[PDB]
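Each remark here refers to the structure printed beneath this line.
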Amino acid sequence: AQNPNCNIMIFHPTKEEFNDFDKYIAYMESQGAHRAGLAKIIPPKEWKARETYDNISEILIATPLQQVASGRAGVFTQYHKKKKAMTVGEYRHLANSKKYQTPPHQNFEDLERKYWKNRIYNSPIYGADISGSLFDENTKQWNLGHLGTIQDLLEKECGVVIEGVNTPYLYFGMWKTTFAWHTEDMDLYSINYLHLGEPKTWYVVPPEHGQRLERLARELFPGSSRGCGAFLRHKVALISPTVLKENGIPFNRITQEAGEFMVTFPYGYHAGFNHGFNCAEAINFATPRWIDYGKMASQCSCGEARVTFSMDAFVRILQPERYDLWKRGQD
Ligand SMILES: O=C(O)CNC(=O)C(=O)O
Ligand SMILES: [Mg+2]
Ligand code: NI
Ligand SMILES: [Zn+2]
């Protein structure tokens, strides 16, 4: 079995290997990359996502989210308070202000220490989940707006034609902005490209050990657990590495820098934080290996998780027994 310790693997494809996305994902899996839940892909030196980032300031962040924490430093939840719209140029200035800027630090490890010590005492503002793309239309390799769609994969694998679309999302981050512990909708893959700015630190639990994380989360968030049998679908809970180590949960960590891709694999729980002003783009995708994960994915039916239009069909076709109850949660 390849990668039996479920370490995060880092790949350096050549320009020739960068042509065929599906084939390279399947290659990475042949080497065991999925066992970690997360992989890094460093693009060939010849590749670029677009020519420059000089003209992005007029993008609108219609609903910036202030991430307010409750709990203790290593075990907290966050809620998202909606703020007034602002442009990317306005947000960048805000991120760089004395109130919100990255503190002085020695290295990524010192910054990680400061994040876990101090996150809860601040409420950073995240421009998340903005439909759109920063890939140049002429970028033919690993262009996250030109991937094969999940609806077409389901149709190729299972023969059923379904409604829905699959488009990318932009994330504009600042110091301390935080992504809570989650897997993807329907336990899909994700791919994330860090277009610019400061790094993003990731934590990940191997898919084969995801239920260990779920059991800890039910212990640590006991009211949330009684409210919903899949409350990590709410994307609000954080647990620190120190706490994970104290409770014996297997995980790994890695820092993504500008110009790098990360792939999350089906049922790979992940969480993380931004180091400073940055912009990422991410999208879900599927492969044939996902289908079985999609069929077994948990679902939130309490009403909190509220998701896209396109998840309807996935539930309806892969999980027809759950469909009725899940749809009640969506309505
Ligand atoms: O970058 C972020 O805030 C969150 N991204 C992801 O969870 C992802 O790409 O799967
Ligand atoms: Mg612009
Ligand atoms: Ni994710
Ligand atoms: Zn729920």
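Residues in the structure tokens are named by chain (A, B, ... in the order shown) and by number from 1 within that chain; ligands are numbered from 1 in the order shown.
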Can you build me a table of chain A residues sitting at most 6 Å from ligand 2, with the closest atom pair per residue and its distance in Å to one decimal, using only C-alpha atoms and all ligand atoms, sorted by chain and residue number, as a Markdown table?
| residue | atom | partner | partner_atom_place_in_ligand_line | distance |
| --- | --- | --- | --- | --- |
| A:55 | CA | ligand 2 | 1 (Mg) | 5.0 |
| A:56 | CA | ligand 2 | 1 (Mg) | 3.5 |
| A:57 | CA | ligand 2 | 1 (Mg) | 4.3 |
| A:58 | CA | ligand 2 | 1 (Mg) | 3.3 |
| A:59 | CA | ligand 2 | 1 (Mg) | 4.5 |
Could you write out the selected residues, including C-alpha atoms, as an mmCIF file, in the first residue's frame?
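Result went into again-v9.cif, see below:
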data_model
loop_
_atom_site.group_PDB
_atom_site.id
_atom_site.type_symbol
_atom_site.label_atom_id
_atom_site.label_comp_id
_atom_site.auth_asym_id
_atom_site.auth_seq_id
_atom_site.Cartn_x
_atom_site.Cartn_y
_atom_site.Cartn_z
ATOM 1 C CA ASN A 55 -5.919 45.034 -12.123
ATOM 2 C CA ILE A 56 -8.014 43.127 -9.477
ATOM 3 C CA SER A 57 -8.854 45.936 -7.070
ATOM 4 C CA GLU A 58 -12.249 46.626 -8.431
ATOM 5 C CA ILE A 59 -13.594 43.146 -7.805
#
Surroundings of ligand 3 up to 7 Å, based on only C-alpha atoms and all ligand atoms, as a PyMOL selection string | chain A and resi 182-184+190+270
Fewer than 5 positions away in the same chain doesn't count, so skip those; otherwise give me all residues within 8 Å of segment 200-211 of chain A, counting only C-alpha atoms, as a compact mmCIF listing (two decimals) with C-alpha atoms, in the first residue's frame.
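Listing of result-v1.txt after writing:
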# COMPACT_ATOMS: atom_id res chain seq x y z
CA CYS A 6 -0.77 9.10 5.21
CA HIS A 34 -5.10 10.54 -1.16
CA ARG A 35 -4.32 8.69 1.97
CA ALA A 36 -3.26 12.03 3.57
CA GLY A 37 -6.46 13.83 2.59
CA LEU A 38 -4.43 16.71 1.10
CA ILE A 249 -6.24 12.22 16.45
CA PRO A 250 -4.06 11.54 13.43
CA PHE A 251 -3.41 14.68 11.33
CA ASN A 252 -0.83 16.53 9.27
CA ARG A 253 -0.13 20.14 8.51
CA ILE A 254 1.41 22.07 5.62
CA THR A 255 1.73 25.70 4.49
CA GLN A 256 0.67 26.66 0.92
CA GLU A 257 2.39 29.65 -0.67
CA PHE A 265 -9.45 14.28 -1.34
CA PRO A 266 -12.85 12.76 -0.61
CA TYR A 267 -13.65 12.70 3.08
CA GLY A 268 -10.36 14.45 4.02
CA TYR A 269 -11.28 16.78 6.88
CA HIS A 270 -9.37 20.04 6.69
CA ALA A 271 -9.10 23.39 8.50
CA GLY A 272 -6.67 26.27 8.35
CA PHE A 273 -5.86 29.95 8.43
CA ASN A 274 -4.40 32.76 6.35
CA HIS A 275 -1.16 34.48 7.24
Show me, as JSON lines, the residues of chain A having an atom within 7 Å of ligand 1, each with the closest atom pair and its distance in Å, using only C-alpha atoms and all ligand atoms.
{"residue": "A:128", "atom": "CA", "partner": "ligand 1", "partner_atom_place_in_ligand_line": "3 (O)", "distance": 6.9}
{"residue": "A:171", "atom": "CA", "partner": "ligand 1", "partner_atom_place_in_ligand_line": "3 (O)", "distance": 6.3}
{"residue": "A:178", "atom": "CA", "partner": "ligand 1", "partner_atom_place_in_ligand_line": "3 (O)", "distance": 6.6}
{"residue": "A:179", "atom": "CA", "partner": "ligand 1", "partner_atom_place_in_ligand_line": "3 (O)", "distance": 5.0}
{"residue": "A:184", "atom": "CA", "partner": "ligand 1", "partner_atom_place_in_ligand_line": "10 (O)", "distance": 6.6}
{"residue": "A:190", "atom": "CA", "partner": "ligand 1", "partner_atom_place_in_ligand_line": "10 (O)", "distance": 4.9}
{"residue": "A:191", "atom": "CA", "partner": "ligand 1", "partner_atom_place_in_ligand_line": "9 (O)", "distance": 5.6}
{"residue": "A:192", "atom": "CA", "partner": "ligand 1", "partner_atom_place_in_ligand_line": "9 (O)", "distance": 4.5}
{"residue": "A:264", "atom": "CA", "partner": "ligand 1", "partner_atom_place_in_ligand_line": "10 (O)", "distance": 6.2}
{"residue": "A:270", "atom": "CA", "partner": "ligand 1", "partner_atom_place_in_ligand_line": "7 (O)", "distance": 6.8}
{"residue": "A:271", "atom": "CA", "partner": "ligand 1", "partner_atom_place_in_ligand_line": "7 (O)", "distance": 6.9}
{"residue": "A:280", "atom": "CA", "partner": "ligand 1", "partner_atom_place_in_ligand_line": "1 (O)", "distance": 6.2}
{"residue": "A:282", "atom": "CA", "partner": "ligand 1", "partner_atom_place_in_ligand_line": "9 (O)", "distance": 5.0}
{"residue": "A:283", "atom": "CA", "partner": "ligand 1", "partner_atom_place_in_ligand_line": "9 (O)", "distance": 6.9}
For those residues, write N, CA and C atoms to a file as a tab-separated table (two decimals), in the first residue's frame.
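Result file follows (again.tsv):
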chain	number	residue	atom	x	y	z
A	128	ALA	N	-15.13	35.59	1.37
A	128	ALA	CA	-15.32	34.20	0.97
A	128	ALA	C	-16.36	33.91	0.03
A	171	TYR	N	-11.62	33.62	-2.79
A	171	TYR	CA	-11.47	33.88	-1.37
A	171	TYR	C	-10.44	34.92	-1.19
A	178	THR	N	-10.03	32.25	8.95
A	178	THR	CA	-10.08	30.88	9.36
A	178	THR	C	-11.08	30.03	8.61
A	179	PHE	N	-10.66	28.85	8.17
A	179	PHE	CA	-11.59	27.87	7.62
A	179	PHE	C	-11.71	26.73	8.62
A	184	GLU	N	-15.71	18.37	2.03
A	184	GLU	CA	-16.47	19.04	0.99
A	184	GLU	C	-17.89	18.56	0.94
A	190	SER	N	-11.63	18.87	-3.53
A	190	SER	CA	-11.48	20.28	-3.87
A	190	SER	C	-10.11	20.55	-4.41
A	191	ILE	N	-9.96	21.58	-5.19
A	191	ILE	CA	-8.67	22.10	-5.60
A	191	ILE	C	-8.62	23.58	-5.32
A	192	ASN	N	-7.52	24.05	-4.81
A	192	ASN	CA	-7.36	25.41	-4.35
A	192	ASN	C	-6.05	25.95	-4.87
A	264	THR	N	-7.67	18.65	-1.94
A	264	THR	CA	-8.23	17.86	-0.90
A	264	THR	C	-9.00	16.69	-1.49
A	270	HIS	N	-10.40	19.04	6.70
A	270	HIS	CA	-9.37	20.04	6.69
A	270	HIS	C	-9.86	21.30	7.36
A	271	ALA	N	-8.88	22.13	7.79
A	271	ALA	CA	-9.10	23.39	8.50
A	271	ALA	C	-7.85	24.18	8.27
A	280	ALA	N	-7.22	33.35	-2.97
A	280	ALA	CA	-7.28	31.97	-3.41
A	280	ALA	C	-8.47	31.74	-4.28
A	282	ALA	N	-10.95	28.33	-5.62
A	282	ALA	CA	-11.14	26.92	-5.35
A	282	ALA	C	-12.42	26.45	-5.99
A	283	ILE	N	-12.46	25.14	-6.28
A	283	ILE	CA	-13.62	24.51	-6.88
A	283	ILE	C	-13.63	23.08	-6.44
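Environment of ligand 4, defined as every protein or nucleic acid residue with an atom within 6 Å of it and counting only C-alpha atoms and all ligand atoms, comprises residues 228, 230, 231, 300, 301, 302, 303, 304 and 305 of chain A.
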Would you please give, as a list in words, all residues of segment 82-148 of chain A that DSSP assigns to helix (DSSP H, G or I) based on the backbone?
->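 For segment 82-148 of chain A, the helix (DSSP H, G or I) set is residues 88, 89, 90, 91, 92, 93, 94, 95, 108, 109, 110, 111, 112, 113, 114, 115, 116, 117, 118, 119, 120 and 121 of chain A.
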Take the residues just selected and output them with C-alpha atoms as a compact mmCIF listing (two decimals), in the first residue's frame.
# COMPACT_ATOMS: atom_id res chain seq x y z
CA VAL A 88 -10.81 44.13 -3.17
CA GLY A 89 -8.70 47.34 -3.07
CA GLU A 90 -10.63 48.50 0.03
CA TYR A 91 -10.27 45.04 1.63
CA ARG A 92 -6.53 44.90 0.94
CA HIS A 93 -6.10 48.25 2.67
CA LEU A 94 -8.12 46.99 5.62
CA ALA A 95 -6.06 43.75 5.83
CA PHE A 108 5.82 30.14 9.87
CA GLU A 109 6.03 28.11 13.08
CA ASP A 110 6.15 31.22 15.24
CA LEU A 111 3.19 32.65 13.33
CA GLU A 112 1.27 29.35 13.80
CA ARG A 113 1.94 29.61 17.55
CA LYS A 114 0.63 33.16 17.61
CA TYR A 115 -2.47 32.15 15.59
CA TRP A 116 -3.47 29.40 18.08
CA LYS A 117 -2.67 31.52 21.08
CA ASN A 118 -4.46 34.63 19.98
CA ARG A 119 -7.05 33.94 17.28
CA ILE A 120 -10.06 34.00 19.50
CA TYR A 121 -9.33 37.53 20.70
With only C-alpha atoms as the atoms that count, which of A:294, A:4, A:47, A:76 lies nearest to residue 238 of chain A?
->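 Using only C-alpha atoms, the shortest distance to residue 238 of chain A belongs to A:76.
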Among the residues A:9, A:170, A:236, A:258, the one that comes closest to residue 80 of chain A [using only C-alpha atoms] |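 Counting only C-alpha atoms, the residue closest to residue 80 of chain A is A:236.
Comparing the minimum interatomic distances between residue 331 of chain A and each of A:48, A:218, A:306, A:235, counting only C-alpha atoms, we find that A:306 sits nearest.
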Test item: residues at most 7 Å from residue 10 of chain A, only C-alpha atoms, excluding those fewer than 5 positions along its chain, as a ChimeraX atom specification = /A:39-41
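Distance check against residue 16 of chain A using only C-alpha atoms: of A:320, A:43, A:32, A:241, the minimum falls on A:43.
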Kindly indicate which residue among A:262, A:134, A:307, A:286 lies nearest to residue 329 of chain A, using only C-alpha atoms for the distances.
->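 Once distances to residue 329 of chain A are computed over only C-alpha atoms, the minimum belongs to A:307.
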Option closest in space to residue 276 of chain A, from A:312, A:246, A:198, A:51 [counting only C-alpha atoms] |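 The closest residue to residue 276 of chain A is A:198.
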Non-local contacts of residue 50 of chain A (9 Å; only C-alpha atoms; under 4 positions in same chain excluded) as a PyMOL selection string | chain A and resi 134-139
Those same residues, written as a tab-separated table (two decimals), in the first residue's frame with N, CA and C atoms?
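The file below, part_9.tsv, is the result:
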chain	number	residue	atom	x	y	z
A	134	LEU	N	-9.93	34.04	-11.46
A	134	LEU	CA	-8.78	34.87	-11.87
A	134	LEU	C	-7.91	34.19	-12.84
A	135	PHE	N	-8.24	33.03	-13.36
A	135	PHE	CA	-7.42	32.36	-14.43
A	135	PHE	C	-7.66	33.08	-15.73
A	136	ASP	N	-6.58	33.33	-16.43
A	136	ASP	CA	-6.72	33.89	-17.81
A	136	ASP	C	-7.37	32.83	-18.66
A	137	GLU	N	-8.31	33.25	-19.55
A	137	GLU	CA	-8.94	32.27	-20.41
A	137	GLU	C	-7.98	31.55	-21.30
A	138	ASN	N	-6.84	32.15	-21.57
A	138	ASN	CA	-5.84	31.46	-22.36
A	138	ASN	C	-4.93	30.47	-21.62
A	139	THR	N	-5.11	30.36	-20.31
A	139	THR	CA	-4.35	29.36	-19.55
A	139	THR	C	-5.06	28.04	-19.73
For residue 68 of chain A, work out the shell of residues within 8 Å, counting only C-alpha atoms and skipping chain neighbours fewer than 3 positions away, then give it as a PDB file with N, CA and C atoms, in the first residue's frame.
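Output saved as part39.pdb:
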ATOM      1  N   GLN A  78     -16.875  29.670  15.374  1.00  0.00           N
ATOM      2  CA  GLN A  78     -16.928  30.996  14.801  1.00  0.00           C
ATOM      3  C   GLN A  78     -18.259  31.249  14.112  1.00  0.00           C
ATOM      4  N   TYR A  79     -18.776  32.456  14.248  1.00  0.00           N
ATOM      5  CA  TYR A  79     -19.929  32.804  13.446  1.00  0.00           C
ATOM      6  C   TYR A  79     -19.585  33.914  12.546  1.00  0.00           C
ATOM      7  N   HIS A  80     -20.256  34.066  11.454  1.00  0.00           N
ATOM      8  CA  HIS A  80     -19.958  34.976  10.416  1.00  0.00           C
ATOM      9  C   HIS A  80     -20.932  36.095  10.472  1.00  0.00           C
ATOM     10  N   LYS A  81     -20.493  37.288  10.832  1.00  0.00           N
ATOM     11  CA  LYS A  81     -21.277  38.498  10.833  1.00  0.00           C
ATOM     12  C   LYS A  81     -21.120  39.207   9.532  1.00  0.00           C
ATOM     13  N   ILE A 120      -8.733  33.752  18.976  1.00  0.00           N
ATOM     14  CA  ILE A 120     -10.061  33.998  19.496  1.00  0.00           C
ATOM     15  C   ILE A 120     -10.296  35.460  19.956  1.00  0.00           C
ATOM     16  N   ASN A 122      -9.607  38.162  18.366  1.00  0.00           N
ATOM     17  CA  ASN A 122      -9.777  39.045  17.278  1.00  0.00           C
ATOM     18  C   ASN A 122     -10.851  38.537  16.339  1.00  0.00           C
ATOM     19  N   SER A 123     -11.403  39.423  15.529  1.00  0.00           N
ATOM     20  CA  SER A 123     -12.448  39.064  14.561  1.00  0.00           C
ATOM     21  C   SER A 123     -12.086  39.505  13.174  1.00  0.00           C
ATOM     22  N   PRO A 124     -11.265  38.730  12.464  1.00  0.00           N
ATOM     23  CA  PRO A 124     -10.810  39.112  11.130  1.00  0.00           C
ATOM     24  C   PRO A 124     -12.005  39.017  10.147  1.00  0.00           C
TER      25      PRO A 124
END
Among segment 117-238 of chain A, which ones does DSSP place in strand (DSSP E or B), written as a PyMOL selection string?
-> chain A and resi 125-131+169-173+178-182+189-197+200-205+237-238
Put those residues in a file: N, CA, C and O atoms, as a CSV table (one decimal), in the first residue's frame.
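Output saved as selection.csv:
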chain,number,residue,atom,x,y,z
A,125,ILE,N,-11.8,39.7,9.0
A,125,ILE,CA,-12.9,39.8,8.0
A,125,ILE,C,-12.4,39.1,6.8
A,125,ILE,O,-11.3,39.3,6.4
A,126,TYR,N,-13.3,38.1,6.3
A,126,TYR,CA,-13.0,37.2,5.2
A,126,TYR,C,-13.9,37.5,4.0
A,126,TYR,O,-15.1,37.7,4.2
A,127,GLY,N,-13.4,37.7,2.8
A,127,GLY,CA,-14.2,37.7,1.6
A,127,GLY,C,-14.2,36.4,1.0
A,127,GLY,O,-13.4,36.1,0.0
A,128,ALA,N,-15.1,35.6,1.4
A,128,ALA,CA,-15.3,34.2,1.0
A,128,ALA,C,-16.4,33.9,0.0
A,128,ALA,O,-17.4,34.6,0.0
A,129,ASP,N,-16.2,32.8,-0.7
A,129,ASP,CA,-17.2,32.3,-1.5
A,129,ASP,C,-17.8,33.2,-2.6
A,129,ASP,O,-19.0,33.3,-2.8
A,130,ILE,N,-16.9,33.9,-3.3
A,130,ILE,CA,-17.3,34.9,-4.3
A,130,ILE,C,-17.2,34.2,-5.7
A,130,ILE,O,-16.1,33.8,-6.1
A,131,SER,N,-18.3,34.0,-6.4
A,131,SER,CA,-18.3,33.3,-7.6
A,131,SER,C,-17.5,34.1,-8.6
A,131,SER,O,-17.6,35.3,-8.8
A,169,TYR,N,-14.9,29.6,-7.0
A,169,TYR,CA,-15.0,30.6,-6.0
A,169,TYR,C,-13.7,31.2,-5.6
A,169,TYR,O,-12.7,30.5,-5.4
A,170,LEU,N,-13.8,32.5,-5.4
A,170,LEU,CA,-12.6,33.4,-4.9
A,170,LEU,C,-12.8,33.6,-3.4
A,170,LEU,O,-13.9,33.7,-2.9
A,171,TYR,N,-11.6,33.6,-2.8
A,171,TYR,CA,-11.5,33.9,-1.4
A,171,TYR,C,-10.4,34.9,-1.2
A,171,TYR,O,-9.3,34.6,-1.4
A,172,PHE,N,-10.8,36.0,-0.5
A,172,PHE,CA,-9.8,37.1,-0.2
A,172,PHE,C,-9.7,37.0,1.3
A,172,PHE,O,-10.7,37.1,2.0
A,173,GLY,N,-8.5,36.8,1.8
A,173,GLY,CA,-8.2,36.5,3.2
A,173,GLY,C,-7.3,37.6,3.8
A,173,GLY,O,-6.7,38.4,3.1
A,178,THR,N,-10.0,32.2,9.0
A,178,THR,CA,-10.1,30.9,9.4
A,178,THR,C,-11.1,30.0,8.6
A,178,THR,O,-12.2,30.5,8.4
A,179,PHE,N,-10.7,28.9,8.2
A,179,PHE,CA,-11.6,27.9,7.6
A,179,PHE,C,-11.7,26.7,8.6
A,179,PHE,O,-10.8,26.1,9.1
A,180,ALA,N,-13.0,26.5,9.1
A,180,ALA,CA,-13.3,25.5,10.0
A,180,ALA,C,-13.2,24.1,9.5
A,180,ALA,O,-13.1,23.9,8.3
A,181,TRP,N,-13.1,23.2,10.5
A,181,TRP,CA,-13.0,21.7,10.1
A,181,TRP,C,-14.1,21.3,9.3
A,181,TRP,O,-15.3,21.4,9.7
A,182,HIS,N,-13.9,20.7,8.1
A,182,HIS,CA,-15.0,20.2,7.2
A,182,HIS,C,-14.4,19.3,6.2
A,182,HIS,O,-13.2,19.3,5.9
A,189,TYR,N,-13.9,16.1,-4.0
A,189,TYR,CA,-12.5,16.7,-4.0
A,189,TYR,C,-12.7,18.2,-3.9
A,189,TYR,O,-13.7,18.7,-4.4
A,190,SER,N,-11.6,18.9,-3.5
A,190,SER,CA,-11.5,20.3,-3.9
A,190,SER,C,-10.1,20.5,-4.4
A,190,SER,O,-9.2,19.8,-4.1
A,191,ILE,N,-10.0,21.6,-5.2
A,191,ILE,CA,-8.7,22.1,-5.6
A,191,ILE,C,-8.6,23.6,-5.3
A,191,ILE,O,-9.6,24.3,-5.6
A,192,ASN,N,-7.5,24.0,-4.8
A,192,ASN,CA,-7.4,25.4,-4.4
A,192,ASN,C,-6.1,25.9,-4.9
A,192,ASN,O,-5.0,25.3,-4.6
A,193,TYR,N,-6.1,27.1,-5.6
A,193,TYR,CA,-4.9,27.7,-6.1
A,193,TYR,C,-4.8,29.1,-5.3
A,193,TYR,O,-5.7,29.8,-5.2
A,194,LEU,N,-3.6,29.3,-4.7
A,194,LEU,CA,-3.3,30.5,-4.0
A,194,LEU,C,-2.7,31.5,-5.1
A,194,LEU,O,-1.5,31.4,-5.5
A,195,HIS,N,-3.5,32.4,-5.6
A,195,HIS,CA,-3.1,33.3,-6.6
A,195,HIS,C,-2.1,34.3,-6.2
A,195,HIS,O,-1.2,34.6,-7.0
A,196,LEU,N,-2.2,34.8,-5.0
A,196,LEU,CA,-1.3,35.9,-4.6
A,196,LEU,C,-1.4,36.1,-3.1
A,196,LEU,O,-2.2,35.6,-2.5
A,197,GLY,N,-0.3,36.8,-2.6
A,197,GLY,CA,-0.3,37.2,-1.3
A,197,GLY,C,0.4,36.3,-0.3
A,197,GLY,O,1.2,35.5,-0.7
A,200,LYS,N,-1.2,30.3,3.3
A,200,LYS,CA,-2.4,29.6,4.0
A,200,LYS,C,-1.8,28.4,4.6
A,200,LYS,O,-1.3,27.5,3.9
A,201,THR,N,-2.0,28.2,5.9
A,201,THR,CA,-1.7,26.9,6.6
A,201,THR,C,-2.9,26.0,6.7
A,201,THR,O,-4.0,26.5,7.0
A,202,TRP,N,-2.7,24.8,6.4
A,202,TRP,CA,-3.7,23.7,6.3
A,202,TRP,C,-3.4,22.7,7.4
A,202,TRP,O,-2.2,22.3,7.6
A,203,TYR,N,-4.5,22.1,7.9
A,203,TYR,CA,-4.4,20.9,8.7
A,203,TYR,C,-5.4,19.9,8.1
A,203,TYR,O,-6.4,20.3,7.6
A,204,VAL,N,-5.1,18.6,8.2
A,204,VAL,CA,-5.9,17.6,7.5
A,204,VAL,C,-5.8,16.3,8.3
A,204,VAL,O,-4.8,15.9,8.7
A,205,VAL,N,-7.0,15.6,8.3
A,205,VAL,CA,-7.1,14.3,8.9
A,205,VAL,C,-7.2,13.3,7.8
A,205,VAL,O,-8.0,13.5,6.8
A,237,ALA,N,-16.6,24.9,13.4
A,237,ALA,CA,-15.9,24.4,14.6
A,237,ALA,C,-14.4,24.3,14.3
A,237,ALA,O,-13.9,23.8,13.3
A,238,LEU,N,-13.6,24.8,15.3
A,238,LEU,CA,-12.2,24.7,15.3
A,238,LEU,C,-11.6,24.0,16.4
A,238,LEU,O,-12.1,24.1,17.5
In Å to one decimal, how far is atom CA of residue 242 of chain A from atom CA of residue 72 of chain A?
-> 12.5 Å
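Here atom CA of residue 217 of chain A stands at a distance of 23.6 Å from atom CA of residue 330 of chain A.
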